[PDB]
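Student: Generate a structure from the sequence data that follows.
(chains A, B, C, D and E)
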Amino acid sequence: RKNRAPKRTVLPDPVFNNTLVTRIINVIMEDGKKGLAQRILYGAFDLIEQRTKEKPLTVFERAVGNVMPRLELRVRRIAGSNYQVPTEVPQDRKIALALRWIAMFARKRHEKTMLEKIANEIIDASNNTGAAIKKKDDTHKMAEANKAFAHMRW
Amino acid sequence: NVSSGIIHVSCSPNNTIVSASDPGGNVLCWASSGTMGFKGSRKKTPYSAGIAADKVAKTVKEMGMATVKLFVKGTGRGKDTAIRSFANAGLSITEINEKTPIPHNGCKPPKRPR
Amino acid sequence: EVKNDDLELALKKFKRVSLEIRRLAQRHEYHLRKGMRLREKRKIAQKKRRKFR
Amino acid sequence: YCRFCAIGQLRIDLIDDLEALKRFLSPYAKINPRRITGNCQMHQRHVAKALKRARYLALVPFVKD
RNA sequence: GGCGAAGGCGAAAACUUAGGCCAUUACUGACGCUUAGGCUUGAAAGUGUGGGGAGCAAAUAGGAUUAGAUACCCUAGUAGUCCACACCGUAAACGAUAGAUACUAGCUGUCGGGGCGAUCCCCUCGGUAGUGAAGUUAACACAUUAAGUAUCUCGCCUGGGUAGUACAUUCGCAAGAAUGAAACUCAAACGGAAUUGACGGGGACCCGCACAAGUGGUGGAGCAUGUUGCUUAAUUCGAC
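Tutor: Numbers count the residues shown, from 1 in each chain, chains lettered A, B, ... in the order given. The coordinates are given below.
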């Protein structure tokens, strides 16, 4: 019966001083190693740089912040069915899912180099066009039939 | 137009049916779970009662209402959500009326639900 | 039952009187026998007498 | 404070006790038991008969209040 | 909490009515209890007549699950609910304790009655109960409201399936109930209570990558092997 427990998160990168990009490195690394992911990610900050003149800090923050939920549909089952009760989702899991969704969407639209696509997805999440904002949208819009579930506890 | 009327809500055990009526009990509007799209089984939920009550409160009030009676009948799981919605609707009420069946005895209900 | 008290908390007082009306009328909505009616009523009565008082 | 078998006149049927009945039975239509007012077997049976007769007198409504 | 024989009894009004609770120095005088006889009721189901039926519902129709639903679940409906009439006679009609019977710790009561004061706390006798002494029970426990203990009477049993079966009768307009074997026939127990578990589609309770989040993938496909199968010449056998 696991209870509240801490997490190990690498401290912010000296060149940008953001802990969020560090969790991105934590969760993007191919073959489970940073010996190779960091080069291309710094390239991506560069690609963001000469494309649309977006400084990585503000564009990355405005991309990650707009994909973040506020509702925890806590599971409660009947052993033959299941339902969800809406509580407040934890803030640590808030930022965790935000960064995970940003990273996992960041690497798609298979094309000539991953630099162009990752900068493209950073820009898309920056401009609030539908590529990862849909996560935040659904986490509140599908909690409407589940909003009825907030009238009772089971 | 009309300065006085009534709103009858009925929370039957698995349905929410409501009508806004004239002071002589002549309906000017009505709503039910099916009219909202809750036809079937989701009409027993408090959400259907709350949405029905909100809709009819708006229809009776924005029409030109000042003071209205609220006749609540039946018992379900959303008869309290209904009055909460009326309170949140913004319609003047002097007191909530109780029209629930309160007999000593009477007709015999259906067979034992097991 | 008069509920003309205030403009925002009338339903809160309505809750308790509705609960009383329910608990007095929670047995006339189904078919049943006299024996189980008396059994449940008297058992609930002597159970409330022993725990809450 | 106990209300009957505590100030009880032993004769509670209709004798000018209308206000007491309107206070014994709260305006929410409920006859008080021996568990609150404390009336004895004598007092409680006579109060019950008197109140149901007042119900059959329309002084206190059967189901309204 | 009271009353009523258990059967049961609660919107009221009234009708008649009895049992009853205390105090009756008293009113009499062994009538005191008793069951086979004899005398009555006995719920409800159900039988039948007429109305009447607001209502629902046995059987039944349909929809649902289902291997099917005579099931759970729902929409109807027949009698079934009502009124009076009669019948009905079994019941968890269970003090699972026959009647009355005579008193027996305490205990908290609680109600009614008689003396008291402001209703109250007070004494007493009866109605409503058990914690528990003694007594009595396989153990729980009855225990001042006996399963304690005196008196009498009566019915109910001698292990089981068989079996409330045939037989003969009874009452019952019906439905049903009354009546009750024999043969076969077994070695003790859905025996009874009582201690540890066993599941629970019972709670409560303590933690665990037990779960979730994930990483990272299986499976889809492409390699090598593992098992088993087949098979000839053996594809050795073994884990099930």
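
Student: C-alpha only now, for contacts and for neighbours.
Tutor: OK.

Student: where do the strands sit along chain C?
Tutor: Under the criterion DSSP state E, chain C contains no strands.

Student: Look up how far residue A:90 lies from residue A:21.
Tutor: To residue A:90, residue A:21 is 20 Å away according to C-alpha to C-alpha, to the nearest Å.

Student: Flag every buried residue along stretch B:14-24.
Tutor: Residues B:14-22 are the ones in stretch B:14-24 that count as buried (16 or more other C-alpha atoms under 10 Å in any protein chain shown).

Student: Could you say which helix or strand holds residue A:85?
Tutor: Residue A:85 belongs to strand A:82-88 when assigned by DSSP states H and E.

Student: do residue B:10 as well
Tutor: strand B:4-12.

Student: in its sheet, what does that strand sit against?
Tutor: Take DSSP bridges as the rule and strand B:4-12 pairs in its sheet with strand B:15-21 (antiparallel), strand B:67-74 (parallel).

Student: just to revisit the earlier point, identify, from the buried residues of stretch B:14-24, the entry nearest to residue C:45.
Tutor: Closest approach to residue C:45 among the buried residues of stretch B:14-24 (C-alpha to C-alpha): residue B:14, at 29.3 Å.

Student: For the nearest residue to that closest one once chain neighbours are set aside, which three-state class applies?
Tutor: Nearest residue to residue B:14, sequence neighbours excluded (C-alpha to C-alpha, 6 or more residues apart in numbering or on different chains): residue B:44, at 4.0 Å. Remark: residue B:44 carries the secondary structure label coil [criterion: DSSP: H, G, I helix; E, B strand; the rest coil].

Student: In this structure residue B:44 contacts residue B:32, no?
Tutor: No: taking contacts as C-alpha atoms under 8 Å, residue B:44 lies outside contact range of residue B:32: 11.5 Å.

Student: how much space is there between the residue of chain A most remote from its centre and chain D?
Tutor: Within chain A, residue A:80 marks the point farthest from the mean C-alpha position, 32.6 Å out by C-alpha atoms, centre = their mean. Going from residue A:80 to chain D by C-alpha to the nearest C-alpha, to the nearest Å gives 43 Å.

Student: For that residue, give me phi and psi.
Tutor: The phi and psi torsions at residue A:80 (degrees, to the nearest 10) take the values phi -130, psi -10.

Student: Kindly report the residues of chain B close to chain C.
Tutor: For chain B, the contact set with chain C under C-alpha under 8 Å from any C-alpha of the partner chain comprises B:80, B:83-84, B:87, B:92-96, B:98, B:102, B:105, B:108-113.

Student: Kindly check the end-to-end length of stretch B:85-99 for me.
Tutor: End-to-end distance (C-alpha to C-alpha), stretch B:85-99: 18 Å.

Student: Now do the residue of chain A found nearest chain B against residue B:51, distance only.
Tutor: Going by C-alpha to the nearest C-alpha, chain B is nearest to residue A:148 of chain A, at 5.3 Å. According to C-alpha to C-alpha, residue A:148 and residue B:51 sit 10 Å apart.

Student: Go through stretch D:47-60 and flag the buried ones.
Tutor: D:47-48, D:50-52, D:54, D:60.
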